[PDB]
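FYI, it's all coordinate maths here, none of it is from the lab. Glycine also receives a Cβ, built like all others from the backbone with ideal geometry; neighbour counts cover every protein chain displayed.
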Amino acid sequence: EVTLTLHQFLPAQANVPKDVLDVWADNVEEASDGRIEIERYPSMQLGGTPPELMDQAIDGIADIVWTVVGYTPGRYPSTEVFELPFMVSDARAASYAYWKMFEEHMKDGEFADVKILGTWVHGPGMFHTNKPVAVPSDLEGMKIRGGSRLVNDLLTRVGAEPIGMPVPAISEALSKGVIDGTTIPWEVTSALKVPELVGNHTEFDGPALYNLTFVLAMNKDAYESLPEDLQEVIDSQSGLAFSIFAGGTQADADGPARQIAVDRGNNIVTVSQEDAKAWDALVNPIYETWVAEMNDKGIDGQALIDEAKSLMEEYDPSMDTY
Ligand SMILES: O=C(O)/C=C/c1ccc(O)cc1
């Protein structure tokens, strides 16, 4: 008999809590043969702001968290390789690449302090806005919410005023008019009532404008101090295949959410790959400043970008078992 607490920042019925974390938690419960019990706390019920979740898991406030790596900005700089503009065409391939790279580069450097169970990205990042956005010029003077320093850099370069705030705060911020719009993929839009609060959406054909990285993290001491066969049980239900499943389940949930916006009669602008090039011209210098930043930290930035593209093409869709 062991009770582990999982703390996370969205409601219990949202896509990732329901179809990724519960699934994962039940799999741990089963493979343990009812010897591990995992209690699930949503919407920061045990207290804190979403950015403190990692520290909650490192310090032992909670055993397990699902958080957004970028809410601790520049803390895990190697994850940023997947957050560069127009990097990612498939979330599964990204998550494959992310887990593989986590093991080689990150596990014992930047994530030494914590146990990582899962490394993934969401579906295509996009805009949701009070007024229409069909070309970059339309974002000039708009206050746009972003969730990470690289998204904020992206917003600056296309001419928006970036407002850093965690995702649950979006509804209140739109309602009060603190922001004119937000970045987020489709899937989380319905839990935040975004399609109710704004009437315009801007999506991209081709590689994603951006996506953000996530982890399922666990307290190290709480892991190590399990017995050897229960450690084996946690690891077995986590890691590479789990990371591929979370990314894919999260991206696949874009579809039903986009259709809820369509059903309302909201205006959705789809930017062709050809028309995306104007956006790329504005955002693509992030590649050079990011590599300069990494080099300033003694990190081979270009090697991470090359490696990440290498691994993603390499992804076969039958490394996807979970
Ligand atoms: O942009 C952010 O601040 C967070 C993004 C996010 C997107 C989908 C989720 O299910 C949770 C967080």
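Counting helices only, and only those DSSP H runs with n ≥ 4, report the 222 nm mean residue ellipticity of the chain as the sum of -39,500 (n - 2.57) divided by its residues, in deg cm²/dmol to the nearest 500.
Only helices count here, giving -11000 deg cm²/dmol.
Where does helix 91-101 land angle-wise versus the long Cα axis of the chain, in degrees 0 to 90, nearest 10?
Here the helix axis deviates by roughly 50 degrees.
If I fit a long axis through the Cα atoms of helix 228-237 and take the longest principal axis of the Cα atoms of the chain, what angle between them do I get, 0 to 90°, rounded to 10?
30 degrees
So how far, in whole Å, is the C-alpha centre of the stretch 257-296 from the one of the stretch 1-48?
33 Å
Dipole magnitude of the stretch 177-280 about its Cα centre, charges +1 at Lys/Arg Cβ and -1 at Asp/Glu Cβ only, in debye to the nearest 20?
The dipole of the stretch 177-280 has a size of about 440 debye.
Suppose the chain between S225 and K107 were pulled fully straight at 0.36 nm per residue; how much longer would it get relative to their current alpha carbon spacing?
40.6 nm
Rounded to the nearest 10 degrees, what's the angle between the helix 149-158 long axis and the longest principal axis of the chain, both from Cα atoms, 0 to 90?
Around 10 degrees separate the two axes.
Please list, ordered by chain and number, the residues whose modelled amide H lies under 5 Å from the amide H of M165; skip anything fewer than 5 residues away on the same chain.
Sorted by chain and number, the residues that satisfy this are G146.
Please name which of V81, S171, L154 has its Cα lying farthest along the dipole of the stretch 75-222 towards the positive end, using unit charges on Cβ (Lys, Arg +1; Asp, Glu -1) and the Cα centre as origin.
Checking the options against the dipole of the stretch 75-222, the answer is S171.
As I understand it, the dipole of the chain uses +1 on the Cβ of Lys and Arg and -1 on the Cβ of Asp and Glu, about the Cα centre. Which of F242, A208, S225 lies farthest toward its positive end?
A208
Cβ neighbours within 10 Å, averaged per peptide: list 309-315, 125-131 in order, most packed at the top.
Top of the packing list down: 125-131, 309-315.
Could I have the simple spin-label model distance between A31 and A281, label points 7 Å from Cα toward Cβ, reported in nm to one decimal?
5.0 nm
Excluding residues on the same chain fewer than 8 positions from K220, give the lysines whose Cα lies under 28 Å from its Cα.
Correct list for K220: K18, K100, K107, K115, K297.
P(r) tail for the chain, what percent of Cα pairs lie past 27 Å?
Result for the distance tail: 41 percent.
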